[PDB]
Structures are given as structure tokens and as C-alpha cells.
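Peer 1: Just query_8.pdb, nothing more (PDB, C-alpha atoms and all ligand atoms):
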ATOM      1  CA  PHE F   1       0.000   0.000   0.000  1.00  0.00           C
ATOM      2  CA  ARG F   2       1.176   3.513  -0.824  1.00  0.00           C
ATOM      3  CA  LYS F   3       0.398   6.208   1.720  1.00  0.00           C
ATOM      4  CA  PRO F   4      -0.564   9.292  -0.318  1.00  0.00           C
ATOM      5  CA  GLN F   5       1.464  12.241   0.955  1.00  0.00           C
ATOM      6  CA  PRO F   6       0.730  15.960   0.670  1.00  0.00           C
ATOM      7  CA  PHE F   7       2.251  17.523  -2.439  1.00  0.00           C
ATOM      8  CA  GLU F   8       3.040  20.922  -3.929  1.00  0.00           C
ATOM      9  CA  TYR F   9       3.754  22.384  -7.368  1.00  0.00           C
ATOM     10  CA  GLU F  10       5.552  25.712  -7.694  1.00  0.00           C
ATOM     11  CA  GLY F  11       4.004  28.592  -9.641  1.00  0.00           C
ATOM     12  CA  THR F  12       4.669  32.297 -10.177  1.00  0.00           C
ATOM     13  CA  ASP F  13       1.807  34.773  -9.549  1.00  0.00           C
ATOM     14  CA  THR F  14      -1.084  32.538  -8.515  1.00  0.00           C
ATOM     15  CA  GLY F  15      -1.406  29.556  -6.168  1.00  0.00           C
ATOM     16  CA  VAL F  16      -4.278  27.144  -5.493  1.00  0.00           C
ATOM     17  CA  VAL F  17      -5.125  25.135  -2.367  1.00  0.00           C
ATOM     18  CA  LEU F  18      -7.038  21.916  -3.054  1.00  0.00           C
ATOM     19  CA  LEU F  19      -8.760  20.222  -0.104  1.00  0.00           C
ATOM     20  CA  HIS F  20      -9.668  16.519  -0.366  1.00  0.00           C
ATOM     21  CA  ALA F  21     -12.729  14.418   0.581  1.00  0.00           C
ATOM     22  CA  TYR F  22     -13.756  12.442   3.690  1.00  0.00           C
ATOM     23  CA  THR F  23     -12.060   9.001   3.334  1.00  0.00           C
ATOM     24  CA  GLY F  24     -10.172  10.561   0.412  1.00  0.00           C
ATOM     25  CA  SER F  25      -6.594  11.796   0.183  1.00  0.00           C
ATOM     26  CA  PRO F  26      -4.363  13.995  -1.997  1.00  0.00           C
ATOM     27  CA  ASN F  27      -5.003  11.336  -4.698  1.00  0.00           C
ATOM     28  CA  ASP F  28      -8.492  12.909  -5.083  1.00  0.00           C
ATOM     29  CA  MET F  29      -6.702  15.930  -6.578  1.00  0.00           C
ATOM     30  CA  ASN F  30      -4.016  14.401  -8.851  1.00  0.00           C
ATOM     31  CA  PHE F  31      -5.759  15.212 -12.160  1.00  0.00           C
ATOM     32  CA  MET F  32      -6.875  18.666 -11.023  1.00  0.00           C
ATOM     33  CA  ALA F  33      -3.504  19.657  -9.541  1.00  0.00           C
ATOM     34  CA  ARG F  34      -1.765  18.593 -12.751  1.00  0.00           C
ATOM     35  CA  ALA F  35      -4.256  20.437 -14.990  1.00  0.00           C
ATOM     36  CA  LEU F  36      -3.598  23.579 -12.934  1.00  0.00           C
ATOM     37  CA  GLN F  37       0.158  22.993 -13.231  1.00  0.00           C
ATOM     38  CA  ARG F  38      -0.109  22.769 -17.041  1.00  0.00           C
ATOM     39  CA  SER F  39      -1.750  26.220 -16.959  1.00  0.00           C
ATOM     40  CA  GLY F  40       1.098  27.659 -14.854  1.00  0.00           C
ATOM     41  CA  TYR F  41      -0.541  27.669 -11.419  1.00  0.00           C
ATOM     42  CA  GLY F  42       1.114  26.817  -8.123  1.00  0.00           C
ATOM     43  CA  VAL F  43      -0.775  24.063  -6.296  1.00  0.00           C
ATOM     44  CA  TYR F  44      -0.858  22.723  -2.738  1.00  0.00           C
ATOM     45  CA  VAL F  45      -2.701  19.555  -1.706  1.00  0.00           C
ATOM     46  CA  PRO F  46      -2.495  18.819   2.048  1.00  0.00           C
ATOM     47  CA  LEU F  47      -3.351  15.544   3.771  1.00  0.00           C
ATOM     48  CA  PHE F  48      -6.056  15.653   6.451  1.00  0.00           C
ATOM     49  CA  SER F  49      -5.291  14.021   9.815  1.00  0.00           C
ATOM     50  CA  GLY F  50      -6.189  10.330  10.047  1.00  0.00           C
ATOM     51  CA  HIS F  51      -6.488   9.898   6.261  1.00  0.00           C
ATOM     52  CA  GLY F  52      -4.216   8.144   3.766  1.00  0.00           C
ATOM     53  CA  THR F  53      -3.519   5.028   5.824  1.00  0.00           C
ATOM     54  CA  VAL F  54      -4.533   1.394   5.386  1.00  0.00           C
ATOM     55  CA  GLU F  55      -6.504   1.649   8.660  1.00  0.00           C
ATOM     56  CA  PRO F  56      -9.970   3.287   8.361  1.00  0.00           C
ATOM     57  CA  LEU F  57     -10.266   3.689  12.167  1.00  0.00           C
ATOM     58  CA  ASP F  58      -7.481   6.288  11.849  1.00  0.00           C
ATOM     59  CA  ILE F  59      -9.999   8.663  10.217  1.00  0.00           C
ATOM     60  CA  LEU F  60     -12.482   8.166  13.062  1.00  0.00           C
ATOM     61  CA  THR F  61     -10.013   8.361  15.976  1.00  0.00           C
ATOM     62  CA  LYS F  62      -7.148  10.590  14.781  1.00  0.00           C
ATOM     63  CA  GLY F  63      -9.065  13.223  12.809  1.00  0.00           C
ATOM     64  CA  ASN F  64     -12.002  15.560  13.361  1.00  0.00           C
ATOM     65  CA  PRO F  65     -13.543  18.674  11.725  1.00  0.00           C
ATOM     66  CA  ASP F  66     -11.670  21.020  14.095  1.00  0.00           C
ATOM     67  CA  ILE F  67      -8.259  19.493  13.272  1.00  0.00           C
ATOM     68  CA  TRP F  68      -9.092  19.445   9.547  1.00  0.00           C
ATOM     69  CA  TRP F  69     -10.117  23.115   9.733  1.00  0.00           C
ATOM     70  CA  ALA F  70      -6.776  24.010  11.375  1.00  0.00           C
ATOM     71  CA  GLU F  71      -5.026  22.048   8.616  1.00  0.00           C
ATOM     72  CA  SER F  72      -7.078  23.826   5.921  1.00  0.00           C
ATOM     73  CA  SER F  73      -6.267  27.225   7.472  1.00  0.00           C
ATOM     74  CA  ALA F  74      -2.543  26.410   7.651  1.00  0.00           C
ATOM     75  CA  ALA F  75      -2.584  25.321   3.990  1.00  0.00           C
ATOM     76  CA  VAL F  76      -4.146  28.632   2.944  1.00  0.00           C
ATOM     77  CA  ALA F  77      -1.557  30.591   4.978  1.00  0.00           C
ATOM     78  CA  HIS F  78       1.272  28.559   3.394  1.00  0.00           C
ATOM     79  CA  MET F  79       0.095  29.696  -0.055  1.00  0.00           C
ATOM     80  CA  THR F  80      -0.894  33.297   0.713  1.00  0.00           C
ATOM     81  CA  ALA F  81       2.656  33.859   2.005  1.00  0.00           C
ATOM     82  CA  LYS F  82       4.036  32.968  -1.457  1.00  0.00           C
ATOM     83  CA  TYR F  83       1.610  34.055  -4.192  1.00  0.00           C
ATOM     84  CA  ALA F  84       0.060  37.389  -5.186  1.00  0.00           C
ATOM     85  CA  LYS F  85      -3.266  35.589  -5.691  1.00  0.00           C
ATOM     86  CA  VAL F  86      -4.641  32.473  -4.004  1.00  0.00           C
ATOM     87  CA  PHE F  87      -7.705  30.383  -4.848  1.00  0.00           C
ATOM     88  CA  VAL F  88      -9.113  27.694  -2.531  1.00  0.00           C
ATOM     89  CA  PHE F  89     -11.267  24.758  -3.710  1.00  0.00           C
ATOM     90  CA  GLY F  90     -12.484  21.637  -1.949  1.00  0.00           C
ATOM     91  CA  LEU F  91     -14.065  18.312  -2.848  1.00  0.00           C
ATOM     92  CA  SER F  92     -17.037  17.311  -0.671  1.00  0.00           C
ATOM     93  CA  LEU F  93     -15.629  17.485   2.926  1.00  0.00           C
ATOM     94  CA  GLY F  94     -12.825  19.757   1.656  1.00  0.00           C
ATOM     95  CA  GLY F  95     -15.473  22.057   0.146  1.00  0.00           C
ATOM     96  CA  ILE F  96     -16.828  22.804   3.621  1.00  0.00           C
ATOM     97  CA  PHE F  97     -13.413  24.111   4.677  1.00  0.00           C
ATOM     98  CA  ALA F  98     -12.930  25.938   1.363  1.00  0.00           C
ATOM     99  CA  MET F  99     -16.152  27.868   1.971  1.00  0.00           C
ATOM    100  CA  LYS F 100     -15.206  28.619   5.595  1.00  0.00           C
ATOM    101  CA  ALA F 101     -11.865  29.928   4.294  1.00  0.00           C
ATOM    102  CA  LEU F 102     -13.665  32.372   1.962  1.00  0.00           C
ATOM    103  CA  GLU F 103     -15.910  33.408   4.875  1.00  0.00           C
ATOM    104  CA  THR F 104     -13.291  33.902   7.592  1.00  0.00           C
ATOM    105  CA  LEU F 105      -9.681  33.822   6.349  1.00  0.00           C
ATOM    106  CA  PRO F 106      -7.763  36.776   4.863  1.00  0.00           C
ATOM    107  CA  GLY F 107      -6.058  37.162   1.493  1.00  0.00           C
ATOM    108  CA  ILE F 108      -8.133  34.806  -0.675  1.00  0.00           C
ATOM    109  CA  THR F 109      -9.099  35.983  -4.190  1.00  0.00           C
ATOM    110  CA  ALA F 110     -11.823  33.379  -4.902  1.00  0.00           C
ATOM    111  CA  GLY F 111     -12.656  29.699  -4.495  1.00  0.00           C
ATOM    112  CA  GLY F 112     -15.458  27.196  -4.221  1.00  0.00           C
ATOM    113  CA  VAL F 113     -16.621  23.610  -4.200  1.00  0.00           C
ATOM    114  CA  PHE F 114     -16.635  20.351  -6.122  1.00  0.00           C
ATOM    115  CA  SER F 115     -19.678  18.244  -5.133  1.00  0.00           C
ATOM    116  CA  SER F 116     -20.056  19.980  -1.751  1.00  0.00           C
ATOM    117  CA  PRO F 117     -23.563  21.459  -1.208  1.00  0.00           C
ATOM    118  CA  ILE F 118     -22.510  22.583   2.340  1.00  0.00           C
ATOM    119  CA  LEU F 119     -26.121  22.588   3.568  1.00  0.00           C
ATOM    120  CA  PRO F 120     -26.644  19.197   5.288  1.00  0.00           C
ATOM    121  CA  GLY F 121     -29.160  16.747   3.850  1.00  0.00           C
ATOM    122  CA  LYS F 122     -29.850  13.157   2.903  1.00  0.00           C
ATOM    123  CA  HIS F 123     -26.616  11.366   2.047  1.00  0.00           C
ATOM    124  CA  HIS F 124     -25.075   7.903   1.689  1.00  0.00           C
ATOM    125  CA  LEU F 125     -21.864   8.531   3.615  1.00  0.00           C
ATOM    126  CA  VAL F 126     -22.536   5.673   6.067  1.00  0.00           C
ATOM    127  CA  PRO F 127     -22.634   2.997   3.313  1.00  0.00           C
ATOM    128  CA  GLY F 128     -19.845   4.984   1.595  1.00  0.00           C
ATOM    129  CA  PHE F 129     -17.529   4.762   4.606  1.00  0.00           C
ATOM    130  CA  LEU F 130     -18.310   1.083   5.216  1.00  0.00           C
ATOM    131  CA  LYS F 131     -17.598   0.195   1.554  1.00  0.00           C
ATOM    132  CA  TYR F 132     -14.360   2.173   1.741  1.00  0.00           C
ATOM    133  CA  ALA F 133     -13.343   0.342   4.928  1.00  0.00           C
ATOM    134  CA  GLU F 134     -14.177  -3.051   3.383  1.00  0.00           C
ATOM    135  CA  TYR F 135     -11.922  -2.261   0.400  1.00  0.00           C
ATOM    136  CA  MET F 136      -9.134  -1.077   2.723  1.00  0.00           C
ATOM    137  CA  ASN F 137      -9.380  -4.319   4.725  1.00  0.00           C
ATOM    138  CA  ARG F 138      -9.187  -6.256   1.439  1.00  0.00           C
ATOM    139  CA  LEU F 139      -5.883  -4.569   0.501  1.00  0.00           C
ATOM    140  CA  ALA F 140      -4.484  -4.986   4.018  1.00  0.00           C
ATOM    141  CA  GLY F 141      -5.636  -8.604   4.338  1.00  0.00           C
ATOM    142  CA  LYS F 142      -7.259  -7.585   7.624  1.00  0.00           C
ATOM    143  CA  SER F 143     -10.513  -8.693   9.280  1.00  0.00           C
ATOM    144  CA  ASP F 144     -13.690  -6.605   9.078  1.00  0.00           C
ATOM    145  CA  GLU F 145     -13.973  -3.697  11.538  1.00  0.00           C
ATOM    146  CA  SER F 146     -17.614  -2.632  11.004  1.00  0.00           C
ATOM    147  CA  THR F 147     -18.651  -2.885  14.674  1.00  0.00           C
ATOM    148  CA  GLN F 148     -15.643  -0.827  15.830  1.00  0.00           C
ATOM    149  CA  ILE F 149     -16.336   1.656  13.018  1.00  0.00           C
ATOM    150  CA  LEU F 150     -20.006   2.050  13.937  1.00  0.00           C
ATOM    151  CA  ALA F 151     -19.025   3.129  17.464  1.00  0.00           C
ATOM    152  CA  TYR F 152     -17.533   6.292  15.900  1.00  0.00           C
ATOM    153  CA  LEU F 153     -19.041   6.801  12.440  1.00  0.00           C
ATOM    154  CA  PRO F 154     -22.464   8.324  13.276  1.00  0.00           C
ATOM    155  CA  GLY F 155     -20.733  10.674  15.744  1.00  0.00           C
ATOM    156  CA  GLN F 156     -18.100  11.850  13.274  1.00  0.00           C
ATOM    157  CA  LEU F 157     -20.679  12.368  10.508  1.00  0.00           C
ATOM    158  CA  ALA F 158     -22.776  14.381  12.981  1.00  0.00           C
ATOM    159  CA  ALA F 159     -19.662  16.418  13.850  1.00  0.00           C
ATOM    160  CA  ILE F 160     -19.047  17.168  10.158  1.00  0.00           C
ATOM    161  CA  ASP F 161     -22.685  18.247   9.717  1.00  0.00           C
ATOM    162  CA  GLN F 162     -22.419  20.418  12.860  1.00  0.00           C
ATOM    163  CA  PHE F 163     -19.325  22.139  11.471  1.00  0.00           C
ATOM    164  CA  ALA F 164     -21.067  22.520   8.088  1.00  0.00           C
ATOM    165  CA  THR F 165     -24.184  24.212   9.520  1.00  0.00           C
ATOM    166  CA  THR F 166     -22.015  27.019  10.914  1.00  0.00           C
ATOM    167  CA  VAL F 167     -20.365  27.411   7.507  1.00  0.00           C
ATOM    168  CA  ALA F 168     -23.854  27.440   5.939  1.00  0.00           C
ATOM    169  CA  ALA F 169     -25.117  30.122   8.362  1.00  0.00           C
ATOM    170  CA  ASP F 170     -22.083  32.261   7.472  1.00  0.00           C
ATOM    171  CA  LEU F 171     -22.523  32.059   3.664  1.00  0.00           C
ATOM    172  CA  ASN F 172     -23.722  35.699   3.699  1.00  0.00           C
ATOM    173  CA  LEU F 173     -20.137  36.677   4.619  1.00  0.00           C
ATOM    174  CA  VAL F 174     -18.674  35.443   1.301  1.00  0.00           C
ATOM    175  CA  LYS F 175     -17.682  38.414  -0.870  1.00  0.00           C
ATOM    176  CA  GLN F 176     -15.358  36.613  -3.299  1.00  0.00           C
ATOM    177  CA  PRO F 177     -16.334  35.123  -6.651  1.00  0.00           C
ATOM    178  CA  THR F 178     -17.478  31.576  -5.851  1.00  0.00           C
ATOM    179  CA  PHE F 179     -17.316  28.471  -8.035  1.00  0.00           C
ATOM    180  CA  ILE F 180     -19.841  25.660  -7.591  1.00  0.00           C
ATOM    181  CA  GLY F 181     -19.417  22.365  -9.441  1.00  0.00           C
ATOM    182  CA  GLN F 182     -21.880  19.539  -8.782  1.00  0.00           C
ATOM    183  CA  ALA F 183     -22.188  15.934  -9.958  1.00  0.00           C
ATOM    184  CA  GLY F 184     -25.522  15.249 -11.715  1.00  0.00           C
ATOM    185  CA  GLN F 185     -25.674  11.577 -10.748  1.00  0.00           C
ATOM    186  CA  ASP F 186     -24.306  12.036  -7.255  1.00  0.00           C
ATOM    187  CA  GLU F 187     -24.720   8.784  -5.334  1.00  0.00           C
ATOM    188  CA  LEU F 188     -23.166  10.153  -2.142  1.00  0.00           C
ATOM    189  CA  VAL F 189     -24.728  13.567  -1.413  1.00  0.00           C
ATOM    190  CA  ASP F 190     -27.979  15.351  -2.311  1.00  0.00           C
ATOM    191  CA  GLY F 191     -27.054  17.343  -5.430  1.00  0.00           C
ATOM    192  CA  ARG F 192     -30.250  19.438  -5.166  1.00  0.00           C
ATOM    193  CA  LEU F 193     -28.734  21.241  -2.186  1.00  0.00           C
ATOM    194  CA  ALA F 194     -26.110  22.845  -4.464  1.00  0.00           C
ATOM    195  CA  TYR F 195     -28.903  25.123  -5.748  1.00  0.00           C
ATOM    196  CA  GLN F 196     -29.554  26.258  -2.183  1.00  0.00           C
ATOM    197  CA  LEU F 197     -25.813  26.922  -1.704  1.00  0.00           C
ATOM    198  CA  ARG F 198     -25.901  29.052  -4.874  1.00  0.00           C
ATOM    199  CA  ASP F 199     -28.947  30.989  -3.609  1.00  0.00           C
ATOM    200  CA  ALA F 200     -27.424  31.566  -0.149  1.00  0.00           C
ATOM    201  CA  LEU F 201     -24.356  33.366  -1.555  1.00  0.00           C
ATOM    202  CA  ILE F 202     -26.228  36.675  -1.608  1.00  0.00           C
ATOM    203  CA  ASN F 203     -23.111  38.834  -1.223  1.00  0.00           C
ATOM    204  CA  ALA F 204     -20.637  36.972  -3.481  1.00  0.00           C
ATOM    205  CA  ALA F 205     -19.271  39.132  -6.330  1.00  0.00           C
ATOM    206  CA  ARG F 206     -20.344  36.322  -8.672  1.00  0.00           C
ATOM    207  CA  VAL F 207     -21.456  32.694  -8.482  1.00  0.00           C
ATOM    208  CA  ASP F 208     -20.148  30.431 -11.263  1.00  0.00           C
ATOM    209  CA  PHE F 209     -22.401  27.348 -11.194  1.00  0.00           C
ATOM    210  CA  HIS F 210     -21.731  24.141 -13.145  1.00  0.00           C
ATOM    211  CA  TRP F 211     -23.733  20.927 -13.302  1.00  0.00           C
ATOM    212  CA  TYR F 212     -21.983  17.800 -14.610  1.00  0.00           C
ATOM    213  CA  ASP F 213     -24.935  15.893 -16.035  1.00  0.00           C
ATOM    214  CA  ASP F 214     -23.926  12.222 -16.084  1.00  0.00           C
ATOM    215  CA  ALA F 215     -21.140  12.311 -13.489  1.00  0.00           C
ATOM    216  CA  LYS F 216     -20.863  10.418 -10.227  1.00  0.00           C
ATOM    217  CA  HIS F 217     -19.795  12.172  -6.983  1.00  0.00           C
ATOM    218  CA  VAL F 218     -16.006  12.403  -7.430  1.00  0.00           C
ATOM    219  CA  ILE F 219     -15.945  14.858 -10.346  1.00  0.00           C
ATOM    220  CA  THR F 220     -12.206  15.558  -9.902  1.00  0.00           C
ATOM    221  CA  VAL F 221     -11.418  11.950 -10.908  1.00  0.00           C
ATOM    222  CA  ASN F 222     -14.339  10.572 -12.957  1.00  0.00           C
ATOM    223  CA  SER F 223     -15.631  11.287 -16.489  1.00  0.00           C
ATOM    224  CA  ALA F 224     -16.395  14.920 -15.586  1.00  0.00           C
ATOM    225  CA  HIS F 225     -12.809  15.855 -14.700  1.00  0.00           C
ATOM    226  CA  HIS F 226     -11.696  17.359 -18.025  1.00  0.00           C
ATOM    227  CA  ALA F 227     -14.819  19.556 -18.099  1.00  0.00           C
ATOM    228  CA  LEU F 228     -14.372  20.526 -14.448  1.00  0.00           C
ATOM    229  CA  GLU F 229     -10.714  21.452 -14.992  1.00  0.00           C
ATOM    230  CA  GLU F 230     -11.676  23.642 -17.971  1.00  0.00           C
ATOM    231  CA  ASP F 231     -14.454  25.347 -15.995  1.00  0.00           C
ATOM    232  CA  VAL F 232     -12.238  25.938 -12.941  1.00  0.00           C
ATOM    233  CA  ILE F 233      -9.411  27.366 -15.073  1.00  0.00           C
ATOM    234  CA  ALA F 234     -11.884  29.618 -16.925  1.00  0.00           C
ATOM    235  CA  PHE F 235     -13.214  30.791 -13.538  1.00  0.00           C
ATOM    236  CA  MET F 236      -9.693  31.590 -12.290  1.00  0.00           C
ATOM    237  CA  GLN F 237      -8.741  33.403 -15.482  1.00  0.00           C
ATOM    238  CA  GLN F 238     -11.898  35.533 -15.210  1.00  0.00           C
ATOM    239  CA  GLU F 239     -10.906  36.578 -11.676  1.00  0.00           C
ATOM    240  CA  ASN F 240      -7.239  37.332 -12.427  1.00  0.00           C
TER
HETATM  241 CL    CL S 301     -16.725  13.843   1.831  1.00  0.00          CL
END
Can you dump the structure from the file as C-alpha cells?
Peer 2:
Amino acid sequence: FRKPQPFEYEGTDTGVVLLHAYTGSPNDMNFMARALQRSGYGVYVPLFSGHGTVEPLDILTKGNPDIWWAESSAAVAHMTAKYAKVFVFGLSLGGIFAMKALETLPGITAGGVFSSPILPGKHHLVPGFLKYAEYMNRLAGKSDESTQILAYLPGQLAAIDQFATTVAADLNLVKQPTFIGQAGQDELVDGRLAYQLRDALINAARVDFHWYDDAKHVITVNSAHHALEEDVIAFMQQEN
């Protein structure tokens, strides 16, 4: 097994922070980070605490929304110290922190979300996590940990939602141009909520909204990724 590590690409004028998904890793952002690199952007992809190991309990017991927020904030600061302009985007979980960054952190030009409606709703993250864990056990040749997982999973998902509702209540604070990309066949989160995110951004300079018709949740990696990369780069170039 290869532990995915955080990674960084050097740029000149503009840098981008990319924040990964729950149960994800910097691997979530390989295609995106490279697309940005080809267009001359600096890129930074941190690893959230408890992620990127062969042991799914690490996510539940070594990470939490508060730690991941601190890590997101540090990542932004790392990039704003170096580049004239900084954009911040996040996939699903990462999107929550991306939006909080726009709301509360200084020195950010623009940013937004990939399949991250922010507003909590019906989701399939419980089956998602369990399927992920099962696959991780399969690679590790380790016995099933579902019972141990279920002691923590509902609590951690509640904690994520709790963090998210504060971000949602603060959406009025966003002044920056905001990008919203959403999977149209999203099996993990309620895509409909992305419209409510759009409508809540009442003070954003602009809202650039994209719907990826046939795409599953992970639009940074699946069939939608070329389109998403184009749309994100177009967004950034518009706000240069
Ligand atoms: Cl997620």
C-alpha cells in the first residue's frame, strides 16, 4: 500500500489550495492539480489528519472537523505567504473548509466547491464509509472492523454536519467570486442542495455554477474531470 502524501507544485503569480474528501486523500486531486500545473498555477494539496492510511479507524479516531479546519487554514496561509493571488477549492468534505476559508480567512481571491452542497441533507456517507473500509481491509488482508467503526461513524458524521451548519449560516459573509461544481448523478450527497448553496451566496461578487450531467460524486477523478478542470481554469482566469 502507498500512503498518499501531501504535495506541492511551484508557480509564479497565482497559487491554489485543493482540499480533499472524507475518506479521500491527496489522490483525489491528482488530475486537477496537474491540470492547474499545465496552466502555470502553483498548487498545494495537504493531507487531512487520520487519512491516507490502510486503517480506516485512523480517520475516526485521529481526525475531526476542528483538526481538519486548522489544517485547511494552515494550507491557505502557506500559499498566501508565497503568491500574489490564491484560490481555494475543496471536494465534498474539503469544500466545507474551502467555503469557511472564503468566509473567515484573509487574502483569498476566490474559491469554491466540487460536489459539496454545504447545507446538510440526505446522504449515503454511512454505506460509503463502510464500503471504503471493506476495500481497505481487502488490501491490508485484515478482518472486518464494522462494529468498531459504527461506534464512531455516526458521531463523526454528525460532527461534520455540525461544522457545516455554521459554515452554511455564514454564507452571507462570502464576498469573493465563488465556483460551484456539482455531480448530476451524485450517489453520495444530495445534489439538489447545491442550488440552495448558490442561492445563499447573496453577497458573493459572482457565483459560477456548473452541473456535470452524467457524473458520479467524485468529479475531480471521474468522467467529468476534463470539463471541471476547464471550468475551474476559466473561472480563475476571469478573476485574475
Ligand atoms: Cl466527503
Peer 1: Enumerate, as a list in words, the residues matched when the PyMOL selection byres (((not hetatm)) within 6 of (chain S and resi 301)) is run on the file above.
Peer 2: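 That selection, the PyMOL selection byres (((not hetatm)) within 6 of (chain S and resi 301)), comes back as residues 21, 22, 92 and 93 of chain F.
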Peer 1: Excluding region 185-192 of chain F and residues on its chain fewer than 6 positions from it, collect all residues at most 6 Å away from it, counting all atoms listed in the file, and give them as a list in words.
Peer 2: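 The filter keeps residues 122, 123, 124, 214, 215, 216 and 217 of chain F.
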Peer 1: For residue 85 (chain F), which residue among F:156, F:14, F:49, F:61 is the nearest when counting only C-alpha atoms?
Peer 2: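 The closest residue to residue 85 (chain F) is F:14.
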Peer 1: Could you expand the PyMOL selection byres (((chain F and resi 84) around 9) and not hetatm) into the explicit residues it covers here, written as JSON, numbers by chain?
Peer 2: {"F": [12, 13, 14, 15, 80, 81, 82, 83, 85, 86]}
Peer 1: Restricting the calculation to all atoms listed in the file, which member of F:10, F:113, F:178, F:32 is positioned closest to residue 227 (chain F)?
Peer 2: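 Result for the nearest residue to residue 227 (chain F): F:32.
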Peer 1: Counting all atoms listed in the file, which of F:213, F:238, F:230, F:130 gets nearest to residue 36 (chain F)?
Peer 2: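 Result for the nearest residue to residue 36 (chain F): F:230.
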Peer 1: Could you tell me how far CA of residue 73 (chain F) lies from CA of residue 7 (chain F), in Å and to one decimal?
Peer 2: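 Atom-to-atom, CA of residue 73 (chain F) and CA of residue 7 (chain F) are spaced 16.3 Å apart.
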Peer 1: Using the chain letters and residue numbers of this document, give as a ChimeraX atom specification the residues selected by the PyMOL selection byres (((chain F and resi 166-174) around 6) and not hetatm).
Peer 2: /F:100,102-103,119,163-165,175-176,201-204
Peer 1: Excluding same-chain residues fewer than 3 positions from region 145-150 of chain F, what lies within 9 Å of it counting only C-alpha atoms, as a PyMOL selection string?
Peer 2: chain F and resi 56-57+60+130+133-134+137+142+153-155
Peer 1: Tell me which protein, DNA and RNA residues are within 7 Å of residue 44 (chain F), counting all atoms listed in the file, leaving out same-chain ones fewer than 6 positions away, and put them as a PyMOL selection string.
Peer 2: chain F and resi 7-9+16-18
Peer 1: Convert the current residue selection to file output with C-alpha atoms, as a PDB file, in the coordinates of the input.
Peer 2:
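This is the output file selection-v5.pdb:
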ATOM      1  CA  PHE F   7       2.251  17.523  -2.439  1.00  0.00           C
ATOM      2  CA  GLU F   8       3.040  20.922  -3.929  1.00  0.00           C
ATOM      3  CA  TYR F   9       3.754  22.384  -7.368  1.00  0.00           C
ATOM      4  CA  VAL F  16      -4.278  27.144  -5.493  1.00  0.00           C
ATOM      5  CA  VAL F  17      -5.125  25.135  -2.367  1.00  0.00           C
ATOM      6  CA  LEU F  18      -7.038  21.916  -3.054  1.00  0.00           C
TER       7      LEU F  18
END
Peer 1: Show me as a list in words the residues that reach within 8 Å of (-21.6, 24.8, -11.2), counting only C-alpha atoms and using the file's own coordinates.
Peer 2: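 Protein, DNA and RNA residues close to (-21.6, 24.8, -11.2): residues 179, 180, 181, 182, 208, 209, 210, 211 and 212 of chain F.
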Peer 1: Could you write out as AutoDock Vina command-line options the box around region 155-162 of chain F (axis-aligned, all atoms listed in the file, 4 Å on each side), with centre and edge lengths in Å to one decimal?
Peer 2:
--center_x -20.4 --center_y 15.5 --center_z 12.7 --size_x 12.7 --size_y 17.7 --size_z 14.0
Peer 1: Tell me, in Å to one decimal, how far CA of residue 109 (chain F) is from CA of residue 237 (chain F).
Peer 2: 11.6 Å
Peer 1: Please determine, counting all atoms listed in the file, which residue among F:239, F:28, F:55, F:144 has the shortest atom-to-atom distance to residue 87 (chain F).
Peer 2: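 Answer, going by the shortest atom-to-atom distance: F:239.
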